[PDB]
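Taken in order, these protein sequences are the chains called A and B. Residue numbering for the first sequence follows the working numbering, starting at 589 and increasing by one per position. Residue numbering for the second sequence follows the working numbering, starting at 18 and increasing by one per position. Read the structure below first, then the notes.
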Amino acid sequence: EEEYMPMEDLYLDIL
Amino acid sequence: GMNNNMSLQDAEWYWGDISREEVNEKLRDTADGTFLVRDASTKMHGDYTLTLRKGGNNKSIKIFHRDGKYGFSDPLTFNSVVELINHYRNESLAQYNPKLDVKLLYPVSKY
Numbered sequence: 589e590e591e592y593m594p595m596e597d598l599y600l601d602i603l
Numbered sequence: 018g019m020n021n022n023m024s025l026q027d028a029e030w031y032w033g034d035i036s037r038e039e040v041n042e043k044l045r046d047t048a049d050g051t052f053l054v055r056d057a058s059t060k061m062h063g064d065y066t067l068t069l070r071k072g073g074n075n076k077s078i079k080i081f082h083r084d085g086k087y088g089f090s091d092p093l094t095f096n097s098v099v100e101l102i103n104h105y106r107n108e109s110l111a112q113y114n115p116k117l118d119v120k121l122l123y124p125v126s127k128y
């Protein structure tokens, strides 16, 4: 579903 | 009205409340990177929520708050997910986990 998930952080490319 | 001089709230996807329901008729399952925000009930424990497609998996997506700015998104002092929109617009963000890693260079920007 499309609820709410805590997470993101600038892409900052791979690792 | 709702924080004028504060937070990016101008990163396209951060249109600003798109109406939950709408979110259903906005990015029902368009494609990944189709970031978007709606915000609602979940306010206390959340920055301004967010809707995106985990590569068609769909999880929920949502931003958190910490020191005024976001949270999980490195609660150090990053309240501008635009610099990356250009700086890092392809490469993945699967840092500690593929929580998102679905791109975000294609914001709904209110169809």
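The beta carbon of each residue, even a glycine, is placed where N, CA and C say it ideally should be.
Check, Outcome
"Burial state of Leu101 (chain B) (16 or more Cβ within 10 Å)", "buried"
"Coil, strand or helix - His104 (chain B) by DSSP", "helix"
"Beta-carbon separation (whole angstroms), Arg70 (chain B) vs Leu44 (chain B), contact threshold 8 Å", "7 Å"
"Straight-line Cα distance separating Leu598 (chain A) from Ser90 (chain B)", "6 Å"
"Same chain only: Cβ atoms within 6 Å of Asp56 (chain B), ignoring 5 sequence neighbours per side", "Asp34, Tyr65 and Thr66"
"Residues that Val98 (chain B) contacts on chain A, provided the C-beta gap is smaller than 9 Å", "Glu596, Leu598 and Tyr599"
"Run of the alpha helix (DSSP H) containing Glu38 (chain B), from where it starts to where it stops", "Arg37 to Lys43"
"Backbone CA spacing between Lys116 (chain B) and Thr51 (chain B) [nearest angstrom]", "15 Å"
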